[PDB]
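Next up is one chain by itself, shown in structure tokens, the form deposited in one PDB entry.
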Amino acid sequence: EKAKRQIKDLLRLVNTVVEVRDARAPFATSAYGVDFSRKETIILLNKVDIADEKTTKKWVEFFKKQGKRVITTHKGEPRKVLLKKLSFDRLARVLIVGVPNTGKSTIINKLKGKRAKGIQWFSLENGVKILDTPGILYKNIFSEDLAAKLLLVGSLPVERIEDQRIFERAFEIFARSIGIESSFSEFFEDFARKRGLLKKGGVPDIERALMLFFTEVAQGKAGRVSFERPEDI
């Protein structure tokens, strides 16, 4: 978490920042903590393919109204369309940054292609330079809601969660966003059974159901679902 200080070292190399956020949770996955006010910053709302389309549009409007440079994209959107959306200035030297899991390596791979002393640049056709390694932001989780949302987008591992109320919060957010009403306890006993997750004694393994469930949610395998609205639910 302390580097951060390293993000500052990477920032000195660049004049432009692409902040890679998950469109399902744009506040939760914001790069809060690090100062980008001296750089040209683009907010990229990634993974729109597994996000609620209505909620994503509201996020775009929200950021446009804040006077912010914002685009939306996904893994399967062509390199040409992405670059057109980004529309980098001729002098751009770009750092891709974000919290874990938001799609940064995937974006670099698309940008780079078969093209290629510390971090290296690759250049676009028009000369713009992009650092070939992303900066990864680890931020302060003070709230249960922030941890729950970072869990849902796969940014924060189940292993790192020490309060069961964070699992409950995440399930509540999920359940609301998809329509479910069921108790937490009943949902995960059932999931653990439907998936063959049994401990010794043949007891449903809730720990493993949670890990697998949230891994599946993070991957978009549990519905086209968003977890935050501008908005503010």
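Numbers for residues come from their place in the sequence shown, where the first is 1. Throughout, rigid core stands for the largest set of C-alpha atoms superposing within 1.5 Å between the two forms.
Student: Which class fits the unmodelled deposited stretch between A116 and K117: none, 1 to 3, 4 to 9, or 10 or more?
Tutor: The entry has a long gap there, with 10 or more residues left out between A116 and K117.
Student: Out of 22 to 30 and 59 to 67, which one has CA B-factors that are higher on average in the deposited record?
Tutor: The deposited B-factors put 59 to 67 ahead on the C-alpha mean.
Student: Hey, which bit's got the bigger mean C-alpha B factor in the entry, 173 to 181 or 41 to 49?
Tutor: Per the deposited B-factors, the answer is 173 to 181.
Student: Using the entry's values, work out which of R93, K112, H74, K104 has the largest Cα B factor.
Tutor: Highest C-alpha B-factor among the listed residues goes to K112.
Student: By the recorded C-alpha temperature factor, relative to the other modelled residues in its chain, which third is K139 in?
Tutor: Top third by C-alpha B-factor.
Student: Going by what the PDB entry lists, where does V158 fall on CA B-factor within its chain: lowest, middle or highest third?
Tutor: Ranked within chain, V158 CA B lands in the highest tercile.
Student: Please rank the C-alpha B-factors of the chain's modelled residues and tell me whether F191 sits in the lowest, middle or highest third.
Tutor: Answer is middle: the recorded C-alpha B-factor places it there.
Student: Please say which third, lowest, middle or highest, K200 falls into when its CA temperature factor is compared across its chain.
Tutor: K200: CA B-factor falls in the highest third of its chain.
Student: Name the third of the chain's ranked CA B-factors that contains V217, choosing lowest, middle or highest.
Tutor: Its C-alpha B-factor belongs to the lowest third of this chain's values.
Form deposited in another entry: not shown, discussed below.
Student: Which residue, chosen from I50, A31, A192, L44, moves its CA by 2 Å or more between this form and the one not shown under a rigid core superposition?
Tutor: One residue passes the 2 Å cut-off, namely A192.
Student: So, superposing on the core, is the move of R69 at the CA at least 2 angstroms between this form and the one not shown?
Tutor: The answer is no, as the C-alpha of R69 shifts between this form and the one not shown by less than 2 Å after core alignment.
Student: Following rigid core alignment, is the displacement of the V158 C-alpha between this form and the one not shown equal to or greater than 2 angstroms?
Tutor: After core superposition, the displacement of the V158 C-alpha between this form and the one not shown reaches the 2 Å mark, so yes.
Student: With both forms fit on the core, has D205 moved 2 Å or more by CA between this form and the one not shown?
Tutor: Where the cores coincide, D205 still shows a C-alpha shift between this form and the one not shown that is 2 Å or more.
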